[PDB]
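The file input_5.txt contains compact mmCIF, C-alpha atoms and all ligand atoms:
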```
# COMPACT_ATOMS: atom_id res chain seq x y z
CA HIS A 16 -24.51 267.10 97.51
CA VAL A 17 -23.10 268.37 100.82
CA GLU A 18 -24.21 266.54 103.98
CA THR A 19 -24.10 268.19 107.46
CA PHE A 20 -23.58 266.19 110.67
CA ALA A 21 -23.54 267.32 114.27
CA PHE A 22 -20.43 266.45 116.24
CA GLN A 23 -21.12 264.11 119.12
CA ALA A 24 -21.51 266.24 122.28
CA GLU A 25 -18.19 265.25 123.91
CA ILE A 26 -16.12 266.15 120.80
CA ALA A 27 -17.85 269.54 120.41
CA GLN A 28 -16.80 270.15 124.00
CA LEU A 29 -13.16 269.22 123.28
CA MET A 30 -13.04 271.44 120.16
CA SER A 31 -14.21 274.36 122.30
CA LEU A 32 -11.70 273.81 125.08
CA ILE A 33 -9.01 273.89 122.38
CA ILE A 34 -10.39 276.97 120.66
CA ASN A 35 -10.93 279.06 123.84
CA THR A 36 -8.30 278.02 126.45
CA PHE A 37 -5.15 280.13 126.81
CA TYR A 38 -2.27 277.94 125.64
CA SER A 39 0.73 279.56 124.18
CA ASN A 40 2.41 276.38 122.96
CA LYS A 41 0.47 275.76 119.76
CA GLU A 42 3.17 274.22 117.65
CA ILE A 43 2.30 270.78 119.03
CA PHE A 44 -0.59 270.81 116.48
CA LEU A 45 2.02 269.88 113.86
CA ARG A 46 3.77 266.90 115.33
CA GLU A 47 0.26 265.52 116.07
CA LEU A 48 -0.84 265.75 112.45
CA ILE A 49 2.56 264.54 111.22
CA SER A 50 2.36 261.68 113.76
CA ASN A 51 -1.13 261.01 112.47
CA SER A 52 0.12 260.78 108.86
CA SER A 53 2.84 258.41 110.09
CA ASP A 54 0.38 256.03 111.77
CA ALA A 55 -1.62 256.16 108.49
CA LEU A 56 1.44 255.31 106.39
CA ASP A 57 2.18 252.51 108.82
CA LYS A 58 -1.26 251.03 108.33
CA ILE A 59 -0.92 250.78 104.56
CA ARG A 60 2.66 249.49 104.55
CA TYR A 61 1.53 246.62 106.77
CA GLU A 62 -1.69 245.91 104.84
CA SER A 63 0.25 245.84 101.59
CA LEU A 64 2.59 243.11 102.96
CA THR A 65 -0.37 240.74 102.46
CA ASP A 66 -2.08 242.56 99.58
CA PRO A 67 0.41 244.08 97.10
CA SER A 68 -2.61 245.45 95.13
CA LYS A 69 -3.28 247.88 97.97
CA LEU A 70 -0.36 249.92 96.64
CA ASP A 71 -1.78 250.08 93.10
CA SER A 72 -3.04 253.59 94.09
CA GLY A 73 0.45 254.80 95.06
CA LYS A 74 3.78 253.13 95.82
CA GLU A 75 5.35 256.23 97.42
CA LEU A 76 4.91 256.58 101.19
CA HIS A 77 5.68 260.17 102.16
CA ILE A 78 4.53 263.27 104.05
CA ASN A 79 4.46 266.73 102.49
CA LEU A 80 4.14 270.03 104.22
CA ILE A 81 2.79 272.69 101.88
CA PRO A 82 2.48 276.28 103.14
CA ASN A 83 0.46 278.93 101.29
CA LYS A 84 0.50 282.60 102.38
CA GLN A 85 -1.81 283.64 99.55
CA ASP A 86 -4.82 281.42 100.51
CA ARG A 87 -3.44 281.42 104.16
CA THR A 88 -3.22 277.63 104.58
CA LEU A 89 -0.78 275.02 105.86
CA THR A 90 -1.40 271.58 104.37
CA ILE A 91 -0.06 268.21 105.57
CA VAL A 92 -0.37 265.58 102.87
CA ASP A 93 0.21 261.89 103.34
CA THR A 94 -0.18 258.89 101.13
CA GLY A 95 -1.54 256.98 104.17
CA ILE A 96 -4.39 254.49 104.29
CA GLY A 97 -6.91 257.42 104.25
CA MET A 98 -10.45 257.45 105.55
CA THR A 99 -13.59 255.82 104.24
CA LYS A 100 -16.92 257.63 104.50
CA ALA A 101 -17.77 255.56 107.61
CA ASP A 102 -14.51 256.66 109.22
CA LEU A 103 -15.43 260.30 108.69
CA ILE A 104 -19.07 260.08 109.93
CA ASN A 105 -19.22 257.16 112.40
CA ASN A 106 -16.02 255.29 113.27
CA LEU A 107 -13.59 258.07 114.16
CA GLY A 108 -16.12 259.79 116.44
CA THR A 109 -16.79 256.55 118.36
CA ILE A 110 -13.10 256.05 119.09
CA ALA A 111 -12.65 259.74 119.80
CA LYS A 112 -15.59 259.86 122.31
CA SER A 113 -13.76 257.73 124.83
CA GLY A 114 -10.53 259.44 123.65
CA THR A 115 -11.90 262.82 124.75
CA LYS A 116 -13.39 261.87 128.15
CA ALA A 117 -10.02 260.40 129.20
CA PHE A 118 -8.18 263.47 127.87
CA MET A 119 -10.58 265.77 129.67
CA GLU A 120 -10.58 263.87 132.96
CA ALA A 121 -6.75 264.11 132.89
CA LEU A 122 -6.85 267.93 132.44
CA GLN A 123 -7.76 268.56 136.13
CA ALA A 124 -5.25 266.28 137.76
CA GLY A 125 -2.92 268.69 135.96
CA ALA A 126 -1.92 267.15 132.63
CA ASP A 127 -1.79 269.73 129.83
CA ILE A 128 -3.01 270.13 126.26
CA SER A 129 0.26 268.82 124.70
CA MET A 130 -0.48 265.33 125.89
CA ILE A 131 -3.58 265.23 123.57
CA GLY A 132 -1.93 262.54 121.42
CA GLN A 133 -1.83 259.90 124.19
CA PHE A 134 -5.62 260.21 124.25
CA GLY A 135 -6.07 259.41 120.55
CA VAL A 136 -7.26 262.89 119.52
CA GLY A 137 -4.21 264.81 118.30
CA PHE A 138 -6.03 265.70 115.10
CA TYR A 139 -8.07 268.27 117.04
CA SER A 140 -4.93 270.15 118.14
CA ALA A 141 -5.33 271.64 114.59
CA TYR A 142 -7.86 273.99 116.19
CA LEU A 143 -5.17 275.57 118.27
CA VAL A 144 -4.16 277.29 114.97
CA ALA A 145 -6.91 276.86 112.31
CA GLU A 146 -10.35 278.60 112.23
CA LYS A 147 -11.57 275.99 109.73
CA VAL A 148 -10.09 272.61 108.82
CA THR A 149 -10.72 270.82 105.57
CA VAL A 150 -9.74 267.19 105.01
CA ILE A 151 -9.36 265.72 101.56
CA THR A 152 -8.95 261.92 101.88
CA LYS A 153 -9.01 258.84 99.67
CA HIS A 154 -9.30 255.19 100.78
CA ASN A 155 -8.75 252.30 98.31
CA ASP A 156 -12.14 250.97 99.14
CA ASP A 157 -14.31 254.12 98.86
CA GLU A 158 -14.29 257.24 96.62
CA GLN A 159 -12.61 260.55 97.47
CA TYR A 160 -14.29 262.74 100.11
CA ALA A 161 -14.07 266.27 101.51
CA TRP A 162 -14.63 266.71 105.25
CA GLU A 163 -14.78 270.17 106.65
CA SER A 164 -15.55 272.00 109.86
CA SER A 165 -15.15 275.37 111.54
CA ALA A 166 -16.22 273.72 114.81
CA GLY A 167 -19.26 275.37 116.44
CA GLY A 168 -20.62 271.81 116.88
CA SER A 169 -20.99 270.61 113.27
CA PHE A 170 -19.09 269.32 110.22
CA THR A 171 -19.89 268.55 106.61
CA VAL A 172 -19.05 265.72 104.23
CA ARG A 173 -19.17 265.64 100.44
CA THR A 174 -17.75 263.64 97.55
CA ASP A 175 -14.87 265.74 96.23
CA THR A 176 -14.70 267.22 92.71
CA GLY A 177 -10.99 268.21 93.15
CA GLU A 178 -7.79 266.72 91.75
CA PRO A 179 -7.90 262.96 92.34
CA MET A 180 -5.09 261.92 94.69
CA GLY A 181 -4.78 258.13 94.30
CA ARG A 182 -4.67 257.53 98.06
CA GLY A 183 -3.91 259.53 101.21
CA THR A 184 -5.19 262.39 103.40
CA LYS A 185 -4.82 266.09 102.87
CA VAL A 186 -5.37 268.21 105.97
CA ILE A 187 -5.81 271.80 104.93
CA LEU A 188 -5.42 274.12 107.90
CA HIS A 189 -7.05 277.47 107.36
CA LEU A 190 -5.02 279.44 109.88
CA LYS A 191 -6.41 282.14 112.26
CA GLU A 192 -5.01 285.63 111.40
CA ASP A 193 -2.64 285.69 114.41
CA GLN A 194 -1.14 282.29 113.47
CA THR A 195 0.57 283.04 110.09
CA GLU A 196 3.91 282.14 111.67
CA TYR A 197 3.24 278.46 110.90
CA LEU A 198 3.48 279.58 107.27
CA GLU A 199 7.17 280.49 107.43
CA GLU A 200 9.78 278.04 106.14
CA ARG A 201 12.25 278.65 109.04
CA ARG A 202 9.38 278.28 111.57
CA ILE A 203 8.25 274.96 110.12
CA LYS A 204 11.81 273.60 109.99
CA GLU A 205 12.13 274.42 113.69
CA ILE A 206 9.03 272.41 114.70
CA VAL A 207 9.87 269.44 112.47
CA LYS A 208 13.45 269.08 113.79
CA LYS A 209 12.22 269.83 117.31
CA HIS A 210 9.18 267.46 117.54
CA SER A 211 9.26 265.06 114.64
CA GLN A 212 12.96 264.36 113.92
CA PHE A 213 12.33 260.57 114.11
CA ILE A 214 9.28 260.06 111.84
CA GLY A 215 9.73 256.97 109.62
CA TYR A 216 9.11 258.56 106.22
CA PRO A 217 10.38 261.46 104.08
CA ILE A 218 8.82 264.76 105.20
CA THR A 219 9.32 267.28 102.35
CA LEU A 220 8.77 270.92 103.34
CA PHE A 221 7.65 272.84 100.26
CA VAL A 222 8.67 276.47 99.74
CA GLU A 223 6.90 279.29 97.83
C1 LIG B 301 -8.54 263.59 109.50
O1 LIG B 301 -9.24 264.05 110.66
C2 LIG B 301 -9.49 263.00 111.49
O2 LIG B 301 -8.61 262.12 111.66
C3 LIG B 301 -10.83 262.89 112.20
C4 LIG B 301 -12.08 263.18 111.70
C5 LIG B 301 -12.39 263.69 110.29
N1 LIG B 301 -12.97 262.94 112.67
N2 LIG B 301 -12.39 262.54 113.69
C6 LIG B 301 -11.07 262.48 113.50
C7 LIG B 301 -10.07 262.08 114.37
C8 LIG B 301 -8.79 261.84 114.10
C9 LIG B 301 -8.25 261.50 115.26
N3 LIG B 301 -9.24 261.56 116.15
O3 LIG B 301 -10.28 261.90 115.58
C1 LIG B 302 -7.12 256.60 109.00
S1 LIG B 302 -6.27 257.84 108.01
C2 LIG B 302 -5.63 259.24 108.93
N1 LIG B 302 -5.98 259.43 110.02
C3 LIG B 302 -5.57 260.33 110.62
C4 LIG B 302 -6.04 260.59 112.06
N2 LIG B 302 -4.80 261.05 110.12
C5 LIG B 302 -4.44 260.86 109.04
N3 LIG B 302 -3.46 261.76 108.42
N4 LIG B 302 -4.86 259.95 108.44
MG MG B 303 6.88 264.15 96.94
```

For the file at hand, write its structure as structure tokens.
Amino acid sequence: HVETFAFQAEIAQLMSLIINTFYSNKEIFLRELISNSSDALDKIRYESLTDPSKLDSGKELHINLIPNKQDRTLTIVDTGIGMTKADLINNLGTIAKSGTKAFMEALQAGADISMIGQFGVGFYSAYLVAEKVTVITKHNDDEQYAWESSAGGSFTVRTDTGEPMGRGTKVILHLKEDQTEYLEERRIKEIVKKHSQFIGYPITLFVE
């Protein structure tokens, strides 16, 4: 039972700017996602200080980077707070709608694309490198869901029949054919050390 939702107008505009603009410096996509996982780990750590039962779905707080040349994907996996179904459909768009307008208004005035994080929309930097993004995510309060979009103004949501994951977010990045460099162990190490040396959680880079 796959449901299809149109992106709010503003967001669909952002996602295009990212997909079509000439920007050579695409590696920022990673520290954004990694940063995003970190914020998500942060939220659960804190919540669990008052509710130790919130960690009954996973005590380990970590980020994994999992490259896959075969199915041409880079995945960032976190055991963060994860996203309820309302997050995916309603909430995160409402935050991101203001987030975008600010980001966009700052783009003439001469800020660049790498400052996307300060505007609350780093997630979308994933489109600098991916042709389609899939998001597996599990919140304590809701069931497990698959979100997915290849942009073009729309995105789907479905309850997921995959491996259960206790709690977290997987972000599967289905890379564009000219972006397979973000699949290489040495290349990933370089961006992690360069942009994310001071993340507060173990980032394991998997090898093949
Ligand atoms: C996991 O991907 C996301 O976080 C997401 C979705 C599914 N919609 N909007 C957003 C978002 C994140 C940050 N700003 O927006
Ligand atoms: C609320 S959970 C979340 N959110 C984001 C933007 N990212 C991640 N990894 N998790
Ligand atoms: Mg591990």

Compile the contact shell of residue 174 (chain A) as an MDAnalysis selection string: residues with an atom at most 12 Å away, counting all atoms listed in the file, same-chain residues fewer than 3 positions apart removed. chainID A and resid 16:18 99:100 103 150:153 157:163 171 177:179

Taking only C-alpha atoms and all ligand atoms and a cut-off of 7 Å, can you tell me which residues surround ligand LIG 301 (chain B), written as JSON, numbers by chain? {"A": [103, 107, 108, 111, 135, 136, 137, 138, 139, 150, 162, 186]}

Mind writing the picked residues with C-alpha atoms as a short mmCIF file (atom, residue, chain, number, x, y, z; two decimals), in the frame of the given file?
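Below is the file that was written, part-v4.cif:
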```cif
data_model
loop_
_atom_site.label_atom_id
_atom_site.label_comp_id
_atom_site.auth_asym_id
_atom_site.auth_seq_id
_atom_site.Cartn_x
_atom_site.Cartn_y
_atom_site.Cartn_z
CA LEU A 103 -15.43 260.30 108.69
CA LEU A 107 -13.59 258.07 114.16
CA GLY A 108 -16.12 259.79 116.44
CA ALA A 111 -12.65 259.74 119.80
CA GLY A 135 -6.07 259.41 120.55
CA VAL A 136 -7.26 262.89 119.52
CA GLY A 137 -4.21 264.81 118.30
CA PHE A 138 -6.03 265.70 115.10
CA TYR A 139 -8.07 268.27 117.04
CA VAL A 150 -9.74 267.19 105.01
CA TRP A 162 -14.63 266.71 105.25
CA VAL A 186 -5.37 268.21 105.97
#
```

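Here CA of residue 85 (chain A) and CA of residue 223 (chain A) stand 9.9 Å from one another.
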
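Note that CA of residue 189 (chain A) and CA of residue 122 (chain A) are 26.8 Å apart.
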
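Distances here use all atoms listed in the file; by that measure, the residue among A:200, A:54, A:42, A:127 closest to ligand LIG 302 (chain B) is A:54.
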
Find the nearest atom pair between each residue of chain A and ligand MG 303 (chain B) for residues within 9 Å, count only C-alpha atoms and all ligand atoms, give distances in Å to one decimal, sort rows by chain and ascending number, and present the table as a Markdown table.
```
| residue | atom | partner | partner_atom | distance |
| --- | --- | --- | --- | --- |
| A:75 | CA | B:MG303 | MG | 8.1 |
| A:76 | CA | B:MG303 | MG | 8.9 |
| A:77 | CA | B:MG303 | MG | 6.7 |
| A:78 | CA | B:MG303 | MG | 7.5 |
| A:79 | CA | B:MG303 | MG | 6.6 |
| A:217 | CA | B:MG303 | MG | 8.4 |
| A:218 | CA | B:MG303 | MG | 8.5 |
| A:219 | CA | B:MG303 | MG | 6.7 |
```

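Between CA of residue 220 (chain A) and CA of residue 46 (chain A) there is a distance of 13.6 Å.
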
Write out as a PDB file with C-alpha atoms, in the frame of the given file each polymer residue (protein, DNA or RNA) that has an atom no more than 7 Å from ligand LIG 302 (chain B), with only C-alpha atoms and all ligand atoms counted.
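pocket-v9.pdb was written with the following content:
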```pdb
ATOM      1  CA  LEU A  48      -0.840 265.750 112.450  1.00  0.00           C
ATOM      2  CA  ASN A  51      -1.130 261.010 112.470  1.00  0.00           C
ATOM      3  CA  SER A  52       0.120 260.780 108.860  1.00  0.00           C
ATOM      4  CA  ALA A  55      -1.620 256.160 108.490  1.00  0.00           C
ATOM      5  CA  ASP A  93       0.210 261.890 103.340  1.00  0.00           C
ATOM      6  CA  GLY A  95      -1.540 256.980 104.170  1.00  0.00           C
ATOM      7  CA  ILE A  96      -4.390 254.490 104.290  1.00  0.00           C
ATOM      8  CA  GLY A  97      -6.910 257.420 104.250  1.00  0.00           C
ATOM      9  CA  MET A  98     -10.450 257.450 105.550  1.00  0.00           C
ATOM     10  CA  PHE A 138      -6.030 265.700 115.100  1.00  0.00           C
ATOM     11  CA  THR A 184      -5.190 262.390 103.400  1.00  0.00           C
TER      12      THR A 184
END
```

Proximity to residue 215 (chain A) - best of A:33, A:168, A:56, A:90, only C-alpha atoms: A:56

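Residues in contact range of residue 196 (chain A), defined as at most 12 Å between only C-alpha atoms, with sequence neighbours fewer than 6 positions away removed, read residues 41, 42, 82, 83, 84, 87, 88, 89, 144, 190, 202, 203, 204, 205 and 206 of chain A.
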
Nearest candidate to residue 69 (chain A) (options A:86, A:156, A:57, A:47; using all atoms listed in the file): A:156

For residue 21 (chain A), which residue out of A:176, A:129, A:104, A:112 is the nearest one, using all atoms listed in the file? A:104

Edge lengths and centre in Å, axis-aligned, region 210-221 of chain A plus 4 Å each side, as JSON:
```
{"center_x": 10.3, "center_y": 264.9, "center_z": 108.9, "size_x": 13.3, "size_y": 23.9, "size_z": 25.3}
```

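Distances from A:212, A:28, A:183, A:36 to residue 59 (chain A) were compared using all atoms listed in the file, and the smallest one belongs to A:183.
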
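Using all atoms listed in the file, the nearest neighbour of residue 195 (chain A) within the list A:66, A:124, A:35, A:146 is A:146.
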
So which residues touch residue 181 (chain A) within 9 Å, counting only C-alpha atoms, skipping near sequence neighbours fewer than 4 positions away, as an MDAnalysis selection string? chainID A and resid 71:73 94 153:155 159

Taking 4 positions as the minimum chain separation for residues in the same chain, which residues sit within 7 Å of residue 26 (chain A) when counting all atoms listed in the file? Answer as a PyMOL selection string. chain A and resi 22+30+112+115

Could you give me region 104-128 of chain A completed to N, CA and C atoms, formatted as an mmCIF file, in the frame of the given file?
```
data_model
loop_
_atom_site.group_PDB
_atom_site.id
_atom_site.type_symbol
_atom_site.label_atom_id
_atom_site.label_comp_id
_atom_site.auth_asym_id
_atom_site.auth_seq_id
_atom_site.Cartn_x
_atom_site.Cartn_y
_atom_site.Cartn_z
ATOM 1 N N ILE A 104 -17.774 259.859 109.274
ATOM 2 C CA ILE A 104 -19.070 260.080 109.930
ATOM 3 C C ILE A 104 -19.214 259.327 111.258
ATOM 4 N N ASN A 105 -18.952 258.023 111.241
ATOM 5 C CA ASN A 105 -19.220 257.160 112.400
ATOM 6 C C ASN A 105 -17.947 256.834 113.187
ATOM 7 N N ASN A 106 -17.162 255.910 112.626
ATOM 8 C CA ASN A 106 -16.020 255.290 113.270
ATOM 9 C C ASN A 106 -15.135 256.207 114.083
ATOM 10 N N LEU A 107 -14.603 257.267 113.467
ATOM 11 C CA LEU A 107 -13.590 258.070 114.160
ATOM 12 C C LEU A 107 -14.142 258.865 115.362
ATOM 13 N N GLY A 108 -15.422 259.213 115.301
ATOM 14 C CA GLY A 108 -16.120 259.790 116.440
ATOM 15 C C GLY A 108 -16.282 258.808 117.601
ATOM 16 N N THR A 109 -16.530 257.536 117.306
ATOM 17 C CA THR A 109 -16.790 256.550 118.360
ATOM 18 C C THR A 109 -15.522 256.272 119.176
ATOM 19 N N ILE A 110 -14.398 256.172 118.469
ATOM 20 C CA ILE A 110 -13.100 256.050 119.090
ATOM 21 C C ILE A 110 -12.813 257.324 119.887
ATOM 22 N N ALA A 111 -13.014 258.457 119.230
ATOM 23 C CA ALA A 111 -12.650 259.740 119.800
ATOM 24 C C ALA A 111 -13.513 260.135 121.014
ATOM 25 N N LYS A 112 -14.666 259.483 121.218
ATOM 26 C CA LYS A 112 -15.590 259.860 122.310
ATOM 27 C C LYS A 112 -15.059 259.422 123.678
ATOM 28 N N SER A 113 -14.599 258.178 123.745
ATOM 29 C CA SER A 113 -13.760 257.730 124.830
ATOM 30 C C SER A 113 -12.452 258.535 124.889
ATOM 31 N N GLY A 114 -11.832 258.767 123.723
ATOM 32 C CA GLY A 114 -10.530 259.440 123.650
ATOM 33 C C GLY A 114 -10.547 260.784 124.362
ATOM 34 N N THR A 115 -11.648 261.505 124.175
ATOM 35 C CA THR A 115 -11.900 262.820 124.750
ATOM 36 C C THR A 115 -12.096 262.787 126.260
ATOM 37 N N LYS A 116 -13.045 261.967 126.724
ATOM 38 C CA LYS A 116 -13.390 261.870 128.150
ATOM 39 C C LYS A 116 -12.136 261.619 128.985
ATOM 40 N N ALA A 117 -11.331 260.636 128.581
ATOM 41 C CA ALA A 117 -10.020 260.400 129.200
ATOM 42 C C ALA A 117 -9.175 261.666 129.180
ATOM 43 N N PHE A 118 -8.972 262.242 127.996
ATOM 44 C CA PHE A 118 -8.180 263.470 127.870
ATOM 45 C C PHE A 118 -8.679 264.557 128.820
ATOM 46 N N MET A 119 -9.992 264.703 128.894
ATOM 47 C CA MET A 119 -10.580 265.770 129.670
ATOM 48 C C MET A 119 -10.475 265.506 131.168
ATOM 49 N N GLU A 120 -10.720 264.265 131.562
ATOM 50 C CA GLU A 120 -10.580 263.870 132.960
ATOM 51 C C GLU A 120 -9.150 264.063 133.474
ATOM 52 N N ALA A 121 -8.166 263.864 132.591
ATOM 53 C CA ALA A 121 -6.750 264.110 132.890
ATOM 54 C C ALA A 121 -6.359 265.596 132.970
ATOM 55 N N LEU A 122 -7.183 266.496 132.437
ATOM 56 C CA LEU A 122 -6.850 267.930 132.440
ATOM 57 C C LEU A 122 -6.960 268.656 133.816
ATOM 58 N N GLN A 123 -7.860 268.207 134.697
ATOM 59 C CA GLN A 123 -7.760 268.560 136.130
ATOM 60 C C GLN A 123 -7.368 267.310 136.926
ATOM 61 N N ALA A 124 -6.175 267.396 137.505
ATOM 62 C CA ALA A 124 -5.250 266.280 137.760
ATOM 63 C C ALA A 124 -3.950 266.775 137.127
ATOM 64 N N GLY A 125 -4.061 267.868 136.369
ATOM 65 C CA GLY A 125 -2.920 268.690 135.960
ATOM 66 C C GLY A 125 -2.029 268.242 134.809
ATOM 67 N N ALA A 126 -2.550 267.371 133.937
ATOM 68 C CA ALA A 126 -1.920 267.150 132.630
ATOM 69 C C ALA A 126 -2.272 268.340 131.734
ATOM 70 N N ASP A 127 -1.461 268.608 130.719
ATOM 71 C CA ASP A 127 -1.790 269.730 129.830
ATOM 72 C C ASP A 127 -2.229 269.296 128.424
ATOM 73 N N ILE A 128 -2.490 270.298 127.594
ATOM 74 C CA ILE A 128 -3.010 270.130 126.260
ATOM 75 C C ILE A 128 -2.058 269.384 125.316
#
```
